[PDB]
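S.K.: Provided below: run.json, containing JSON, C-alpha atoms and all ligand atoms.
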```
[["chain", "number", "residue", "atom", "x", "y", "z"],
["A", 1, "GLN", "CA", -45.87, -18.71, 40.32],
["A", 2, "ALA", "CA", -44.09, -19.67, 37.09],
["A", 3, "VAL", "CA", -40.85, -18.09, 35.90],
["A", 4, "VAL", "CA", -39.86, -17.58, 32.29],
["A", 5, "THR", "CA", -36.15, -17.59, 31.53],
["A", 6, "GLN", "CA", -34.33, -16.34, 28.42],
["A", 7, "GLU", "CA", -30.62, -15.78, 27.75],
["A", 8, "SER", "CA", -29.67, -12.40, 29.21],
["A", 9, "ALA", "CA", -27.67, -11.39, 26.19],
["A", 10, "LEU", "CA", -26.42, -12.87, 22.94],
["A", 11, "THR", "CA", -23.68, -11.31, 20.87],
["A", 12, "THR", "CA", -23.69, -11.94, 17.17],
["A", 13, "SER", "CA", -22.08, -10.69, 14.02],
["A", 14, "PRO", "CA", -23.58, -9.48, 10.78],
["A", 15, "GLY", "CA", -24.36, -12.05, 8.14],
["A", 16, "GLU", "CA", -24.28, -14.85, 10.73],
["A", 17, "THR", "CA", -27.23, -16.76, 12.27],
["A", 18, "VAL", "CA", -28.38, -16.63, 15.88],
["A", 19, "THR", "CA", -30.99, -18.42, 17.99],
["A", 20, "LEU", "CA", -32.63, -17.13, 21.20],
["A", 21, "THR", "CA", -34.64, -19.51, 23.47],
["A", 22, "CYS", "CA", -37.42, -19.22, 26.10],
["A", 23, "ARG", "CA", -37.73, -21.63, 29.09],
["A", 24, "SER", "CA", -40.51, -22.38, 31.63],
["A", 25, "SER", "CA", -40.33, -23.40, 35.32],
["A", 26, "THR", "CA", -43.33, -25.65, 34.63],
["A", 27, "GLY", "CA", -42.09, -28.14, 32.11],
["A", 28, "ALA", "CA", -41.55, -28.21, 28.40],
["A", 29, "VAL", "CA", -42.91, -25.44, 26.32],
["A", 30, "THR", "CA", -45.22, -26.53, 23.55],
["A", 31, "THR", "CA", -47.58, -24.98, 21.05],
["A", 32, "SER", "CA", -50.06, -24.71, 23.94],
["A", 33, "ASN", "CA", -48.18, -22.06, 25.93],
["A", 34, "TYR", "CA", -48.61, -19.65, 23.14],
["A", 35, "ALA", "CA", -45.05, -18.39, 22.68],
["A", 36, "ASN", "CA", -44.86, -14.84, 21.50],
["A", 37, "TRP", "CA", -41.58, -12.98, 20.79],
["A", 38, "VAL", "CA", -41.64, -9.21, 21.37],
["A", 39, "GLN", "CA", -39.06, -6.84, 19.99],
["A", 40, "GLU", "CA", -38.02, -3.77, 21.89],
["A", 41, "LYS", "CA", -35.92, -1.24, 20.01],
["A", 42, "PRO", "CA", -33.83, 1.41, 21.75],
["A", 43, "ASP", "CA", -35.87, 4.01, 23.54],
["A", 44, "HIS", "CA", -38.83, 1.95, 24.80],
["A", 45, "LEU", "CA", -40.35, 0.86, 21.43],
["A", 46, "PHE", "CA", -42.16, -2.49, 21.03],
["A", 47, "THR", "CA", -43.38, -4.67, 18.14],
["A", 48, "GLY", "CA", -44.46, -8.32, 18.16],
["A", 49, "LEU", "CA", -42.39, -10.47, 15.74],
["A", 50, "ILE", "CA", -43.77, -13.94, 16.10],
["A", 51, "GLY", "CA", -46.95, -15.18, 17.87],
["A", 52, "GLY", "CA", -48.40, -18.71, 17.89],
["A", 53, "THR", "CA", -44.89, -20.11, 18.14],
["A", 54, "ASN", "CA", -44.21, -19.79, 14.35],
["A", 55, "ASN", "CA", -46.44, -17.03, 12.89],
["A", 56, "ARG", "CA", -44.43, -14.00, 11.77],
["A", 57, "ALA", "CA", -45.89, -10.52, 12.28],
["A", 58, "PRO", "CA", -46.46, -8.81, 8.92],
["A", 59, "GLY", "CA", -43.62, -6.69, 7.63],
["A", 60, "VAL", "CA", -41.02, -8.42, 9.82],
["A", 61, "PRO", "CA", -38.01, -9.36, 7.67],
["A", 62, "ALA", "CA", -38.03, -12.97, 6.54],
["A", 63, "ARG", "CA", -34.72, -13.56, 8.32],
["A", 64, "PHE", "CA", -36.79, -14.11, 11.52],
["A", 65, "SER", "CA", -38.65, -17.30, 12.53],
["A", 66, "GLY", "CA", -40.00, -19.01, 15.64],
["A", 67, "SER", "CA", -40.37, -22.70, 16.40],
["A", 68, "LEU", "CA", -39.76, -25.03, 19.29],
["A", 69, "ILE", "CA", -36.35, -26.56, 19.84],
["A", 70, "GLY", "CA", -37.00, -29.32, 22.35],
["A", 71, "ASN", "CA", -38.59, -28.24, 25.61],
["A", 72, "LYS", "CA", -38.16, -24.57, 24.75],
["A", 73, "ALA", "CA", -39.64, -21.81, 22.61],
["A", 74, "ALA", "CA", -37.20, -20.27, 20.09],
["A", 75, "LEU", "CA", -36.36, -17.36, 17.82],
["A", 76, "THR", "CA", -34.05, -17.70, 14.80],
["A", 77, "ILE", "CA", -32.40, -14.83, 12.98],
["A", 78, "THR", "CA", -30.63, -15.57, 9.67],
["A", 79, "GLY", "CA", -27.99, -13.12, 8.37],
["A", 80, "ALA", "CA", -28.45, -10.80, 11.33],
["A", 81, "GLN", "CA", -28.34, -7.23, 10.13],
["A", 82, "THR", "CA", -27.41, -4.23, 12.27],
["A", 83, "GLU", "CA", -31.11, -3.34, 12.30],
["A", 84, "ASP", "CA", -31.65, -6.26, 14.61],
["A", 85, "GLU", "CA", -29.91, -4.75, 17.63],
["A", 86, "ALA", "CA", -32.64, -4.88, 20.28],
["A", 87, "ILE", "CA", -34.09, -6.58, 23.37],
["A", 88, "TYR", "CA", -36.07, -9.72, 22.59],
["A", 89, "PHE", "CA", -38.80, -10.74, 24.97],
["A", 90, "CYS", "CA", -40.74, -13.97, 24.93],
["A", 91, "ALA", "CA", -44.05, -14.55, 26.81],
["A", 92, "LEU", "CA", -45.97, -17.59, 27.87],
["A", 93, "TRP", "CA", -49.59, -18.08, 28.74],
["A", 94, "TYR", "CA", -49.87, -20.33, 31.74],
["A", 95, "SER", "CA", -53.41, -21.13, 32.73],
["A", 96, "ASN", "CA", -54.66, -17.89, 34.31],
["A", 97, "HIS", "CA", -51.98, -15.41, 33.28],
["A", 98, "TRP", "CA", -49.23, -14.38, 30.86],
["A", 99, "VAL", "CA", -45.65, -14.42, 32.21],
["A", 100, "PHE", "CA", -42.92, -12.55, 30.39],
["A", 101, "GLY", "CA", -39.35, -13.70, 30.20],
["A", 102, "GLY", "CA", -36.57, -11.44, 31.46],
["A", 103, "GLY", "CA", -35.58, -10.38, 27.89],
["A", 104, "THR", "CA", -32.54, -10.97, 25.66],
["A", 105, "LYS", "CA", -30.33, -8.15, 24.51],
["A", 106, "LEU", "CA", -29.28, -8.99, 20.95],
["A", 107, "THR", "CA", -26.11, -7.15, 20.14],
["A", 108, "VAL", "CA", -26.00, -7.38, 16.37],
["A", 109, "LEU", "CA", -22.44, -6.92, 15.17],
["A", 110, "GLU", "CA", -20.26, -7.66, 18.20],
["B", 301, "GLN", "CA", -51.64, 1.44, 9.69],
["B", 302, "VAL", "CA", -53.01, 0.14, 13.02],
["B", 303, "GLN", "CA", -52.34, 2.49, 16.01],
["B", 304, "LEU", "CA", -52.67, 2.53, 19.82],
["B", 305, "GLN", "CA", -52.39, 5.98, 21.37],
["B", 306, "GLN", "CA", -51.38, 6.53, 24.95],
["B", 307, "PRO", "CA", -50.61, 9.84, 26.62],
["B", 308, "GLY", "CA", -46.87, 10.17, 27.45],
["B", 309, "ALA", "CA", -46.77, 10.67, 31.20],
["B", 310, "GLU", "CA", -48.01, 11.21, 34.66],
["B", 311, "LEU", "CA", -46.14, 12.95, 37.46],
["B", 312, "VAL", "CA", -47.83, 12.46, 40.84],
["B", 313, "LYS", "CA", -47.10, 12.63, 44.61],
["B", 314, "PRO", "CA", -47.41, 9.38, 46.49],
["B", 315, "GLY", "CA", -50.74, 7.71, 47.24],
["B", 316, "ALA", "CA", -52.35, 9.34, 44.23],
["B", 317, "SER", "CA", -54.64, 7.41, 41.92],
["B", 318, "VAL", "CA", -54.60, 7.89, 38.18],
["B", 319, "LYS", "CA", -56.80, 6.78, 35.30],
["B", 320, "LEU", "CA", -54.89, 5.68, 32.19],
["B", 321, "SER", "CA", -56.28, 5.65, 28.64],
["B", 322, "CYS", "CA", -55.37, 3.91, 25.37],
["B", 323, "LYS", "CA", -56.95, 4.82, 22.01],
["B", 324, "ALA", "CA", -57.27, 2.38, 19.11],
["B", 325, "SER", "CA", -57.72, 3.28, 15.43],
["B", 326, "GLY", "CA", -57.23, 1.83, 11.95],
["B", 327, "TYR", "CA", -58.88, -1.50, 12.76],
["B", 328, "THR", "CA", -62.03, -2.95, 14.47],
["B", 329, "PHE", "CA", -61.79, -2.32, 18.22],
["B", 330, "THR", "CA", -64.19, -4.81, 19.85],
["B", 331, "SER", "CA", -62.73, -7.65, 17.75],
["B", 332, "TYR", "CA", -59.44, -7.80, 19.72],
["B", 333, "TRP", "CA", -58.29, -8.02, 23.32],
["B", 334, "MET", "CA", -56.62, -5.32, 25.37],
["B", 335, "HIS", "CA", -53.86, -6.17, 27.79],
["B", 336, "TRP", "CA", -52.02, -3.72, 30.06],
["B", 337, "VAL", "CA", -48.32, -4.35, 30.68],
["B", 338, "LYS", "CA", -45.82, -2.75, 33.11],
["B", 339, "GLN", "CA", -42.12, -2.14, 32.43],
["B", 340, "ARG", "CA", -39.25, -1.14, 34.77],
["B", 341, "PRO", "CA", -35.64, -2.27, 34.41],
["B", 342, "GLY", "CA", -34.60, -5.52, 35.98],
["B", 343, "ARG", "CA", -36.27, -7.33, 33.05],
["B", 344, "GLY", "CA", -39.38, -5.37, 33.69],
["B", 345, "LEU", "CA", -42.29, -6.81, 31.76],
["B", 346, "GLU", "CA", -45.12, -7.78, 34.11],
["B", 347, "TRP", "CA", -48.61, -8.42, 32.72],
["B", 348, "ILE", "CA", -51.16, -6.34, 34.57],
["B", 349, "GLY", "CA", -54.24, -7.88, 33.02],
["B", 350, "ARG", "CA", -56.68, -8.09, 30.09],
["B", 351, "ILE", "CA", -60.08, -6.64, 29.15],
["B", 352, "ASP", "CA", -62.64, -7.88, 26.62],
["B", 353, "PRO", "CA", -64.26, -4.91, 25.01],
["B", 354, "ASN", "CA", -67.43, -6.84, 24.27],
["B", 355, "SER", "CA", -67.95, -8.36, 27.63],
["B", 356, "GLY", "CA", -66.52, -5.64, 29.85],
["B", 357, "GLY", "CA", -65.06, -8.73, 31.46],
["B", 358, "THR", "CA", -61.50, -8.94, 32.74],
["B", 359, "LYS", "CA", -58.75, -11.24, 33.86],
["B", 360, "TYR", "CA", -56.20, -9.54, 36.15],
["B", 361, "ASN", "CA", -52.75, -10.53, 37.36],
["B", 362, "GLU", "CA", -53.65, -11.49, 40.99],
["B", 363, "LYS", "CA", -50.74, -9.30, 42.09],
["B", 364, "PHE", "CA", -52.44, -6.23, 40.75],
["B", 365, "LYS", "CA", -55.95, -6.98, 41.99],
["B", 366, "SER", "CA", -56.51, -4.64, 44.91],
["B", 367, "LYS", "CA", -54.83, -2.07, 42.63],
["B", 368, "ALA", "CA", -55.78, -1.70, 38.95],
["B", 369, "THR", "CA", -59.25, -1.24, 37.55],
["B", 370, "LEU", "CA", -59.91, -2.04, 33.89],
["B", 371, "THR", "CA", -62.75, -0.49, 31.91],
["B", 372, "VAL", "CA", -63.45, 0.60, 28.35],
["B", 373, "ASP", "CA", -65.41, 3.11, 26.40],
["B", 374, "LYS", "CA", -66.82, 1.34, 23.32],
["B", 375, "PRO", "CA", -67.78, 4.46, 21.41],
["B", 376, "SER", "CA", -64.45, 6.25, 21.70],
["B", 377, "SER", "CA", -62.56, 3.01, 21.13],
["B", 378, "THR", "CA", -60.68, 3.65, 24.37],
["B", 379, "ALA", "CA", -59.35, 1.28, 26.96],
["B", 380, "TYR", "CA", -58.79, 2.36, 30.53],
["B", 381, "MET", "CA", -56.80, 1.29, 33.57],
["B", 382, "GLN", "CA", -57.08, 2.98, 36.96],
["B", 383, "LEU", "CA", -54.41, 2.61, 39.69],
["B", 384, "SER", "CA", -55.60, 3.24, 43.28],
["B", 385, "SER", "CA", -52.92, 4.07, 45.89],
["B", 386, "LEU", "CA", -49.65, 4.68, 44.08],
["B", 387, "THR", "CA", -47.70, 3.55, 47.12],
["B", 388, "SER", "CA", -44.64, 4.37, 45.00],
["B", 389, "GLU", "CA", -43.45, 1.22, 43.30],
["B", 390, "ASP", "CA", -45.27, 2.18, 40.24],
["B", 391, "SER", "CA", -42.66, 4.48, 38.74],
["B", 392, "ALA", "CA", -42.78, 2.54, 35.49],
["B", 393, "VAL", "CA", -44.15, 2.48, 31.93],
["B", 394, "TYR", "CA", -47.64, 1.28, 31.35],
["B", 395, "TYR", "CA", -48.37, -0.18, 27.97],
["B", 396, "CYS", "CA", -51.48, -1.05, 26.06],
["B", 397, "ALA", "CA", -51.02, -3.70, 23.34],
["B", 398, "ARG", "CA", -53.11, -5.56, 20.78],
["B", 399, "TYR", "CA", -54.03, -9.19, 21.27],
["B", 400, "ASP", "CA", -55.78, -11.58, 18.94],
["B", 401, "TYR", "CA", -58.01, -13.68, 21.20],
["B", 402, "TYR", "CA", -59.63, -14.86, 17.96],
["B", 403, "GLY", "CA", -56.35, -15.36, 16.11],
["B", 404, "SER", "CA", -52.69, -15.66, 15.19],
["B", 405, "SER", "CA", -51.88, -15.27, 18.87],
["B", 406, "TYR", "CA", -49.54, -12.32, 18.85],
["B", 407, "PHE", "CA", -49.12, -9.02, 20.59],
["B", 408, "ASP", "CA", -48.66, -7.25, 17.24],
["B", 409, "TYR", "CA", -49.40, -3.60, 17.79],
["B", 410, "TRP", "CA", -48.17, -1.81, 20.93],
["B", 411, "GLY", "CA", -48.95, 1.58, 22.38],
["B", 412, "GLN", "CA", -46.08, 4.06, 22.98],
["B", 413, "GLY", "CA", -46.64, 3.69, 26.76],
["B", 414, "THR", "CA", -47.77, 6.07, 29.50],
["B", 415, "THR", "CA", -44.88, 6.70, 31.90],
["B", 416, "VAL", "CA", -45.79, 7.13, 35.57],
["B", 417, "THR", "CA", -43.13, 8.80, 37.76],
["B", 418, "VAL", "CA", -44.23, 9.08, 41.42],
["C", 1, "LIG", "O1", -56.30, -22.76, 20.81],
["C", 1, "LIG", "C1", -56.49, -22.87, 19.58],
["C", 1, "LIG", "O2", -57.20, -23.86, 19.21],
["C", 1, "LIG", "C2", -56.00, -22.00, 18.61],
["C", 1, "LIG", "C3", -56.06, -20.46, 18.76],
["C", 1, "LIG", "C4", -56.38, -20.17, 20.27],
["C", 1, "LIG", "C5", -55.10, -19.52, 21.01],
["C", 1, "LIG", "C6", -55.21, -19.70, 22.52],
["C", 1, "LIG", "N1", -55.22, -18.44, 23.15],
["C", 1, "LIG", "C7", -55.97, -18.24, 24.18],
["C", 1, "LIG", "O3", -57.20, -18.43, 24.09],
["C", 1, "LIG", "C8", -55.32, -17.81, 25.44],
["C", 1, "LIG", "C9", -56.06, -16.99, 26.37],
["C", 1, "LIG", "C10", -57.11, -17.56, 27.09],
["C", 1, "LIG", "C11", -57.85, -16.77, 27.97],
["C", 1, "LIG", "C12", -57.55, -15.44, 28.13],
["C", 1, "LIG", "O4", -58.32, -14.65, 29.02],
["C", 1, "LIG", "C13", -56.47, -14.88, 27.42],
["C", 1, "LIG", "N2", -56.10, -13.54, 27.57],
["C", 1, "LIG", "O5", -56.62, -12.87, 28.49],
["C", 1, "LIG", "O6", -55.26, -13.04, 26.79],
["C", 1, "LIG", "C14", -55.73, -15.67, 26.54]]
```
So that I can check it, write out the structure of this file as C-alpha cells.
M.R.:
Amino acid sequence: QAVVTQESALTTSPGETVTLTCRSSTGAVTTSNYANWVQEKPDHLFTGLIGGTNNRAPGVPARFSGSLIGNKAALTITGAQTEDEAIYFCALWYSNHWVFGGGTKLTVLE
Amino acid sequence: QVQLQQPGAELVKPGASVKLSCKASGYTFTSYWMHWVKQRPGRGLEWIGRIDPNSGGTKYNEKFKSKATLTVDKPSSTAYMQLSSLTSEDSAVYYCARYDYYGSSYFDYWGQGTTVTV
C-alpha cells in the first residue's frame, strides 16, 4: 500500500557534505517508522549503516549520521570520501510490513 | 565477525520450486530475527517476510503469501525460504539479513544473496 521515496541520485564531491532523505506516502516519518539506511556497494554487497533513525552500525566511519529533518528520515555524510560511492537504501516499518525506498545512487566525487 | 552464508545461485526451468537456505555464525542465532529480501533492478528491494527462530512464527509480505514458505532449523542455525511455482518473475537475488527485534533496530549483517535465474 505505502510507497517509500528517496532521491534517485545525488552527486557530490570529496570533502563536501551531502544529505539523502526518505519520504512516506502515509505522512511524516518519525522515530516510530524505524528508519534504517542500507548501503549497497558495487557488485550486490549490503551493509546497514544506521538503524533506529540515529544509531550508527559499528565500524561505519563517523562521517555518517541519521536523524529526521522534518517529515522525512535522513542520512548525512560529512567530508564524503571516494569510498562512499554506493546505493543508499532506506526502509520503513509500516504496521504489518517493511517497505524499502527505491534507493539513492551516491556518486562520490562528481 | 558475524556472518550469514547463502549459496550463490539457482538455475531452474519455469514452474520449479526451490528451497533456499541461510546459515548464521559468530553470534547467538535465536536471539535475532530473520528477514528475506528480494532484489531486481528498478529499485528492487521488496521485503518477502520475517521468521522468529524461537517461535517458528512468521510475518509475510501479503504479496508473497501463496508463494514463499519460511522455516528454520534451530540446531544448524539455518533459516529457510521455499518458493512454490517459479512462474518466472523471480529471476532475482534473495537475501537473508540480520534484524534486532530486541534492539538497535538495524539490518546490520547481510547475507551475500542467493541468485535465482529462471
Ligand atoms: O519500540 C521501542 O520501544 C523501542 C525498540 C523497538 C523497535 C520497534 N521494532 C519493532 O518491534 C518492529 C517490528 C514489529 C513486528 C515485527 O514482526 C517486526 N519484524 O517482523 O521485523 C518488526
S.K.: Could you list, as a PyMOL selection string, all protein and nucleic acid residues with an atom at most 12 Å from ligand LIG 1 (chain C), counting only C-alpha atoms and all ligand atoms?
M.R.: (chain A and resi 31-36+51-53+55+91-99) or (chain B and resi 332-337+347-353+355+357-361+397-407)
S.K.: Please, what distance in Å, to one decimal, runs between atom CA of residue 9 of chain A and atom CA of residue 66 of chain A?
M.R.: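 Computing the Euclidean distance for atom CA of residue 9 of chain A and atom CA of residue 66 of chain A yields 17.9 Å.
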S.K.: Using only C-alpha atoms, which residues sit within 9 Å of segment 18-25 of chain A once same-chain residues fewer than 2 positions away are excluded, as a VMD selection string?
M.R.: chain A and resid 1 to 7 10 to 13 16 27 to 29 35 68 to 69 71 to 80 88 to 92 101 104 106
S.K.: Please provide as JSON, numbers by chain all residues within 10 Å of residue 366 of chain B, with the sequence filter that same-chain residues fewer than 4 positions apart are discarded (counting only C-alpha atoms).
M.R.: {"B": [362, 383, 384, 385]}
S.K.: Mind pulling up the distance from atom CA of residue 38 of chain A to atom CA of residue 311 of chain B?
M.R.: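 One can read the atom CA of residue 311 of chain B to atom CA of residue 38 of chain A distance as 27.8 Å.
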S.K.: Expressed in Å to a single decimal, how great is the separation between atom CA of residue 322 of chain B and atom CA of residue 413 of chain B?
M.R.: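 Computing the Euclidean distance for atom CA of residue 322 of chain B and atom CA of residue 413 of chain B yields 8.8 Å.
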S.K.: Quick one: of A:50, A:108, A:45, A:62, who's nearest to residue 84 of chain A, counting all atoms listed in the file?
M.R.: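 Using all atoms listed in the file, residue 84 of chain A sits closest to A:108.
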S.K.: Take the point (-46.3, -2.2, 29.4) in the file's coordinates, draw a sphere of radius 7 Å around it, and report as a list in words every protein, DNA or RNA residue with an atom inside or on it, counting all atoms listed in the file.
M.R.: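 Those within range, by chain then number, are residues 336, 337, 338, 339, 345, 393, 394, 395, 396 and 413 of chain B.
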S.K.: Residues at most 7 Å from residue 305 of chain B, counting all atoms listed in the file, excluding those fewer than 6 positions away in the same chain, as a PDB file with C-alpha atoms, in the frame of the given file?
M.R.:
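Saved as selection32.pdb:
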```pdb
ATOM      1  CA  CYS B 322     -55.370   3.910  25.370  1.00  0.00           C
ATOM      2  CA  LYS B 323     -56.950   4.820  22.010  1.00  0.00           C
ATOM      3  CA  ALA B 324     -57.270   2.380  19.110  1.00  0.00           C
ATOM      4  CA  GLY B 411     -48.950   1.580  22.380  1.00  0.00           C
ATOM      5  CA  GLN B 412     -46.080   4.060  22.980  1.00  0.00           C
TER       6      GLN B 412
END
```
S.K.: I'd like the contact shell of segment 386-391 of chain B - 7 Å cut-off, all atoms listed in the file, skipping same-chain residues fewer than 3 positions apart - returned as an NGL selection string.
M.R.: :B and (314-317 or 383 or 416-418)
S.K.: Using the file's own x, y and z axes, what box holds all listed atoms of segment 12-21 of chain A with 3 Å on each side, keeping edges along x, y and z, and what are its centre and edge lengths in Å to one decimal, as JSON?
M.R.:
```
{"center_x": -28.4, "center_y": -14.5, "center_z": 15.8, "size_x": 18.6, "size_y": 16.0, "size_z": 21.3}
```
S.K.: Find the residue from B:328, B:410, B:310, B:372 that sits nearest to chain A; use all atoms listed in the file when measuring.
M.R.: B:410
S.K.: Considering all atoms listed in the file, return as a CSV table (one decimal) with C-alpha atoms, in the coordinates of the input whatever protein or nucleic-acid residues lie within 6 Å of residue 49 of chain A, sequence-local ones (same chain, fewer than 3 positions apart) excluded.
M.R.:
```
chain,number,residue,atom,x,y,z
A,37,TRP,CA,-41.6,-13.0,20.8
A,38,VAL,CA,-41.6,-9.2,21.4
A,56,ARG,CA,-44.4,-14.0,11.8
A,57,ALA,CA,-45.9,-10.5,12.3
```
S.K.: With distances taken over only C-alpha atoms, which of B:301, B:331, B:306, B:325 is nearest to residue 377 of chain B?
M.R.: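 With only C-alpha atoms as the atom set, the closest residue is B:325.
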S.K.: So, with only C-alpha atoms as the atoms that count, which of A:65, A:26, A:81, A:8 lies closest to chain B?
M.R.: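 So, comparing all the options, the nearest one is A:8.
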